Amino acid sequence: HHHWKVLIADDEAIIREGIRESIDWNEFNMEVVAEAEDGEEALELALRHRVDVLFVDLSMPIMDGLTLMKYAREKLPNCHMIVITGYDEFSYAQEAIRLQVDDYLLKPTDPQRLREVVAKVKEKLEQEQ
């Protein structure tokens, strides 16, 4: 049909570049249409592109990751959300459980773990179309 749109939101470029360049997003019928460095730009880019998949760092400047996911679950109610967390605030991901998160991503990440998360999301995405 058409590629599912992915947004990567993270306050460190080295993580956003690492995630985008780690997968053949095309193999999963996906494409990265946007990267964002703060939660405000991310919310705007998520609505601008009507993304289907959001990688979200729990910690973003200006507007933080949790606030972005509350907005994302409201304004893109079918979107699939993957939480990005460093080791030093893994605890905080529990606050996102109520927003229906598909998986949780420790950063930095290796490609086959990533491949696992992305293949899961593609499963759910196919389940509904």
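Start at 1 with the first residue shown and count on from there.
- Higher mean CA B-factor, judged across 90-98 and 70-78 from the recorded values: 90-98.
- Checked against the record, the higher mean CA B factor of 39-47 and 80-88 lies with 80-88.
- Among the modelled residues of the chain, residue 27 sits in the highest third by CA temperature factor in this PDB entry.
- Among the modelled residues of the chain, residue 115 sits in the highest third by CA temperature factor in this PDB entry.
- In the deposited entry, the Cα temperature factor of residue 106 sits in the top third of values across the chain's modelled residues.
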